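**Student:** The structure follows.
All of this is worked out from the model, or read from it or from the source named; no laboratory instrument gave them. Backbone-built Cβ (ideal geometry, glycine too); neighbour counts: all protein chains shown.
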Amino acid sequence: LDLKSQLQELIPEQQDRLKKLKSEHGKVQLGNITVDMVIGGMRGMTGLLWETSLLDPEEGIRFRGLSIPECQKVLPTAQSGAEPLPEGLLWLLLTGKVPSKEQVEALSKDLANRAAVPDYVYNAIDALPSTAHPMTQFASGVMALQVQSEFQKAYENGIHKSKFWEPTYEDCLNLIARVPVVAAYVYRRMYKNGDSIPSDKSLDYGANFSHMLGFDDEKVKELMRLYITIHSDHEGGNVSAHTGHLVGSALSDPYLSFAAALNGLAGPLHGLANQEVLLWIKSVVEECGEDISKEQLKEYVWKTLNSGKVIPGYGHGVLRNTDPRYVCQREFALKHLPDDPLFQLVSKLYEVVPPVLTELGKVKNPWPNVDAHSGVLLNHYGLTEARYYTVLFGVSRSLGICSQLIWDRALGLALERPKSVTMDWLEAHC
Amino acid sequence: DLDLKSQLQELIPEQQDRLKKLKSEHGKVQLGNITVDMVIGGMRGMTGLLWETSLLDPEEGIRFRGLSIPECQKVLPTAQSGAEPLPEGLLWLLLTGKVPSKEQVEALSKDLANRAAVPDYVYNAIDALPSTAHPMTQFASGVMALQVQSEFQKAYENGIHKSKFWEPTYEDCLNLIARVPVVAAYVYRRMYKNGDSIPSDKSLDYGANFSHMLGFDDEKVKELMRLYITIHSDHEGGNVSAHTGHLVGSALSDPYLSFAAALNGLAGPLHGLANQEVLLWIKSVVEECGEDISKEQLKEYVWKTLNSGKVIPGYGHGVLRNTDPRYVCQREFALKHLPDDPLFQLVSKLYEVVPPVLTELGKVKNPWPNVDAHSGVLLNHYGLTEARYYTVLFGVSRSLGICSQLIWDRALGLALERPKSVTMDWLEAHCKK
Ligand SMILES: [Cl-]
Ligand SMILES: [Cl-]
């Protein structure tokens, strides 16, 4: 029933698993370090341990071994709702076990009680100019939340190393609860003239975020519940997850690690694909009309690709099949907005471009990912401010990042210290 | 030529060719092995990233572009009537790889002083936080406020070419380096001097202006800050703060975002508290044993202390067979400017007593101290006693090395950092075959 007690029971076995990996297989070779990897951003280098999720090359991303369709099947939904609740996903990442309906409701009320945000967090955000990037205002608010960090004081008070995960657990669960309040406050300030909406402790996680953003529609709540769940985690190799794990390895509290993760997530090469697709889709509907045939779209897709241009959300795939996170958002749109013209162009692109990409032979995997479909769903219901979309990404990704940060302290993972070299050193070795 | 950006523009194409040739000829050359111990131990022993501004010599210590600290002290220009190397000249060395003239250092000093303008909402952002907030938090939150004026964010939004990424990166870094002391000094005056803020002086050099804004106008403190900023400026890229900024920068985040994230890693107890731990420990030793402790009484204390399962702060943490040259150069300063300071005498006596004791016990590889065992008594002697703030001084200094590499990261067009992640299920499946 209680998440901290469930984690306490499950920790010792994985600790024993870790010791056996050192004792039995510590010298087992996983690959070779080459000059290509040191200069090419660790490309092809197995470098870190991330337990909460791993990418299956056949079934897509797996949250603790459960694929996206498996998650939709067994994760509890809200009463009067049909999409998997983000609380149940959070339970899965931390414990590895699918939660009951009662455990999700207990976790939902737990999150609602931890969502208190002190006034100096709002003061910190409001002190920034209106021109500040929403990711900057978001990250600055997280830095203000760091003042109430319980792991910082516990470490200063000399808590035992085997107890590090307990205040990390408290800070993470507090962070996960409070980050939507900060994220929605940034949204209301930039677009709703500071007309902030207080948190409702009766609602679940995704619905309370949608409510604080200014969207009380039940279908938007369903959209936000599904959005937070599917963007929650994706290995530890990405910049945001790696950053928080890297800052956390120095025994910084989760607020500092996640705030640093946001600065990495704010990178154009990391957290803007959602915005690139939506802006591109809107310009295509203006250039080619609303009801463009698939064959005229095929000629458009072919000319764009041969002109040296790419189709946003396409070509970036490392899966033999389409990203299951793309498919589930298509299922959502097919049920709740089939007449939306922007989705209709997304749907036609789903049919037309993958064959074109295969015929051109310039790209390995011609299938889209989740970023090719999330824009039209948010835009349809009124969340049109694409520049804010990375803030929504941050709220969801906090669930995966905080889950691994807890096991980093539960497993007692050491400080991350890759060795550095210079071009003089590499040339001297060759 | 007194133009720093033009010097960088001339030197970039050769370094780009060095990288391209390194891939074509030696891209497939093996540098080591990936093992399970390394993946589970935070990439310990794994050569993973490229850091050009410095590299550690196992015999001569850390080298700034191939120049050790004593070598740097000889050729780097100093202030008028002063002996410590100016951080501006060190910054020139890190950026260009060449030792600057006295005039080039002066040109960069006025350049930095002119870029040090800080808008009022940065102070508002910091003051919104409570006074009890950690100094690294108020500093990092202030750095986030400086990010609003980022020129690389706007330049990328306006679609500048990839081959010109370094130009707005250069502007942001020098702007960041110029203003980061202003924010850092404001945090110091706010937390410990009741908000009695001191404005920047455009006549002073970099290290002198920082000491001036912190509230220390004495020439001997300025000399200390010039030496402090210079020797802590950079130290490879494997440490958390340098790696973090490089990691956030690889996603094409501007230097303000990379440095603010770097500070959050630098605030980690395993990264930026060695300076604070040493000063607090020695002050407790002088209180437990009196002010004027003999060298033989310290051996008796150190022997009981080490045999009780305790450690001596600043000692044993060395990866150099000899003493860290950054410790030695600060010992030179203290032997010349404060030999009668009782706290330094304890550090000096520990320098004589502790290395022999540690070797007899055989538990430690290198029994020599590092820079963090000596910087505390220098700051504390002159009035900078707030040890909890010391990591902010570390951050201001380390911005010089981090920003210098961040410019070359875009100059060299280094790609996104994408190490592959695995789980224990995957590792166990890979070991059963
Ligand atoms: Cl991702
Ligand atoms: Cl260091």
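**Student:** Quickly run through the stretch B:355-381 and pick out the residues that are more than 16 Å from ligand 2 (Cβ to nearest atom), in a helix (DSSP H, G or I) and either in contact (Cβ under 8 Å) with a residue 12 or more places away in the chain or within 14 Å of chain A (Cβ to nearest Cβ) (or both).
**Tutor:** B:355, B:357, B:358, B:361, B:377, B:378, B:379, B:380, B:381
**Student:** Please determine, by comparing only the residues of the stretch B:414-433 that are without any contact (Cβ under 8 Å) to a residue 40 or more places away in the chain and outside any loop (DSSP other than H, G, I, E, B), which one is farthest from the other protein chains (Cβ to nearest Cβ).
**Tutor:** Restricting to residues being without any contact (Cβ under 8 Å) to a residue 40 or more places away in the chain and outside any loop (DSSP other than H, G, I, E, B), the top hit is B:429.
**Student:** Give me the helices (runs of 4 or more DSSP H) completely within the stretch A:235-298, filtered to those with at least 3 residues that are within 13 Å of the chain's Cα centre (by Cα) and away from ligand 2 (no atom under 16 Å from the Cβ), ordered by residue number.
**Tutor:** So the answer is A:239-249, A:254-265.
**Student:** Quick check: is even one residue across the stretch B:296-306 away from ligand 1 (no atom under 16 Å from the Cβ), under 21 Å from residue B:417 (Cβ atoms) and aliphatic (A, V, I, L, M)?
**Tutor:** no
**Student:** Which of the residues that make up the stretch B:119-139 are in contact (Cβ under 8 Å) with a residue 40 or more places away in the chain and among the aromatic types (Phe, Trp, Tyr)?
**Tutor:** B:123, B:139
**Student:** Which fully enclosed helices (runs of 4 or more DSSP H) of the stretch B:86-132 have 3 or more residues being more than 10 Å from chain A (Cβ to nearest Cβ)?
**Tutor:** Here the list reads B:87-96, B:102-114.
**Student:** Can you tell me which residues in the stretch A:304-332 are in a helix (DSSP H, G or I) and closer than 17 Å to residue A:360 by Cβ?
**Tutor:** A:304, A:305, A:306, listed by residue number.
**Student:** Take the conditions assigned by CATH to the domain that holds residue A:232, of a type in the set (A, V, I, L, M, F, W, C), under 25 Å from the mean Cα position of the chain (by Cα) and not in a helix (DSSP H, G or I) and apply them to residue A:139. Does it pass?
**Tutor:** For residue A:139, the condition - assigned by CATH to the domain that holds residue A:232, of a type in the set (A, V, I, L, M, F, W, C), under 25 Å from the mean Cα position of the chain (by Cα) and not in a helix (DSSP H, G or I) - is not met.
Residue-by-condition table, conditions (1) touching an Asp or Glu at 6+ places or on another chain (Cβ under 7 Å); (2) crowded, with 24+ Cβ neighbours inside 10 Å; (3) within 11 Å of chain B (Cβ to nearest Cβ); (4) more than 24 Å from residue B:143 (Cα to Cα):
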site: A:144; (1), (2), (3), (4): no, yes, yes, no
site: A:155; (1), (2), (3), (4): no, no, yes, yes
site: A:168; (1), (2), (3), (4): no, yes, no, yes
site: A:175; (1), (2), (3), (4): no, yes, no, no
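**Student:** Please indicate, with yes or no, whether at least one residue in the stretch B:299-313 is within 30 Å of residue B:254 (Cβ to Cβ) and more than 16 Å from ligand 2 (Cβ to nearest atom).
**Tutor:** Looking through the stretch B:299-313, none of the residues is within 30 Å of residue B:254 (Cβ to Cβ) and more than 16 Å from ligand 2 (Cβ to nearest atom).
**Student:** Also: Looking at residue A:195, is it more than 30 Å from residue B:156 (Cβ to Cβ) and within 14 Å of another protein chain (Cβ to nearest Cβ)?
**Tutor:** no
**Student:** Do we have residue B:71 as away from chain A (no Cβ under 14 Å), without any contact (Cβ under 8 Å) to a residue 12 or more places away in the chain and under 20 Å from the mean Cα position of the chain (by Cα) here?
**Tutor:** Yes.
**Student:** Also, I was wondering about something else. List every residue pair whose Cβ atoms lie under 9 Å apart, where the two residues are 6 or more positions apart in sequence or sit on different chains, the first residue falls within the stretch A:382-407 and is farther than 23 Å from residue A:4 by Cβ and part of a helix (DSSP H, G or I), and the second residue, located anywhere, is more than 15 Å from ligand 1 (Cβ to nearest atom) and among the polar types (S, T, N, Q).
**Tutor:** Here the result reads A:386/A:379; A:391/A:137, each pair linking the stretch A:382-407 to a residue that is more than 15 Å from ligand 1 (Cβ to nearest atom) and among the polar types (S, T, N, Q).
**Student:** Something else about it: May I ask you to verify whether residue A:161 is within 14 Å of chain B (Cβ to nearest Cβ), more than 16 Å from ligand 1 (Cβ to nearest atom) and over 30 Å from residue A:273 (Cβ atoms)?
**Tutor:** yes
**Student:** Next question. If the Cβ limit is 7 Å and pairs must be 6+ apart or interchain, which residue in the stretch A:230-252 that is on the phi > 0 side of the Ramachandran plot pairs with which residue that is within 16 Å of ligand 2 (Cβ to nearest atom)?
**Tutor:** Sorted first by the residue in the stretch A:230-252, then by its partner, the pairs are A:251/B:268; A:251/B:269; A:251/B:270.
**Student:** Then there is this: Considering B:82, B:42, which residue is within 14 Å of chain A (Cβ to nearest Cβ), buried (at least 16 other Cβ atoms within 10 Å of the Cβ) and among the small types (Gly, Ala, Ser)?
**Tutor:** B:42
**Student:** Now a separate question. From A:271, A:248, which residue is away from ligand 1 (no atom under 13 Å from the Cβ) and either within 14 Å of another protein chain (Cβ to nearest Cβ) or in contact with a strand residue (DSSP E or B) (Cβ under 6 Å, 6 or more places away or on another chain) (or both)?
**Tutor:** A:248
**Student:** Assuming residue A:232 fulfils every condition listed in (1) assigned to a loop (DSSP other than H, G, I, E, B); (2) within 16 Å of ligand 2 (Cβ to nearest atom) apart from one, which condition is it?
**Tutor:** Condition not satisfied by residue A:232: (2).
**Student:** Taking only the stretch A:1-18 into account, find how many residues are within 14 Å of another protein chain (Cβ to nearest Cβ) and either touching a residue at least 12 places away in the same chain (Cβ under 8 Å) or surrounded by 11 or more Cβ atoms within 10 Å (Cβ to Cβ) (or both).
**Tutor:** 6
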